[PDB]
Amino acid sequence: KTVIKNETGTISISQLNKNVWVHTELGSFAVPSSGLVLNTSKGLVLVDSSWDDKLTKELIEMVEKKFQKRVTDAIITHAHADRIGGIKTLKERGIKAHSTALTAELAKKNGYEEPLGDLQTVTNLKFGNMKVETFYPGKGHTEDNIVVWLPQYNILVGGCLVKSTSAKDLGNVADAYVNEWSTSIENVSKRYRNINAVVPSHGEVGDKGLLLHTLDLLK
């Protein structure tokens, strides 16, 4: 395993594969926020941005230099700041921001700019030699939240829908659907067996075990 951050301390990235990396930034309240960096033959793909354009730009610049290839696409799992805060930057630089039609709407509501809203309940994307599946399991952390699946490495990106082993709380639930939340988690476990690793938007990376944990918190 390897960890490497920029010369400001703001942003840090960590490797999972010859192709998969995890970015993490802070938003003092300090609250770490994480997403993915997909290193593909035909460009770089971000799974979820960061708290604000400030950090987003700083991130792109960092990885685009490190990997010597452009960030072509990004995927937005839901319309909250920790996920979509850099949407203005993505659209400035001509990056494709994918999302569900719903996530797109809720972005307008929250004073952000709108992603594409081109994803379905199940969407299969391919960026070079990289296969990426987006899945909408139902309401939970928010009503629009989705998960991302990487078939080649059996890696699941939980987002804010999945709590880390270190998370004792449910966090903010102002926009959460606490009953459907359990069902949605079922829908994911049903769809993806043999899960290699699971990535929570906040906290350390884990396995199929974080799903059971989140369910514990919903009891």
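When you see a residue number, it is the position in the sequence shown, counting from 1.
The segment from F29 to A30 is interrupted, since 1 to 3 residues of the deposited sequence in that interval carry no coordinates. For the pair 31-39 and 169-177, the record assigns the higher mean C-alpha temperature factor to 169-177. The mean C-alpha temperature factor is higher for 5-13 when 198-206 and 5-13 are set side by side.
Of the candidates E143, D73, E114, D118, it is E114 whose Cα B-factor is highest according to the PDB record. As recorded in the entry, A107 carries the highest CA temperature factor of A107, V148, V122, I87. Among the modelled residues of the chain, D48 sits in the lowest third by CA temperature factor in this PDB entry. Among the modelled residues of the chain, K190 sits in the highest third by CA temperature factor in this PDB entry. Placement of the Cα temperature factor of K163 within the chain: highest third of the modelled residues, per the deposited record. Compared with the other modelled residues of the chain, the Cα B-factor recorded for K54 ranks in the highest third.
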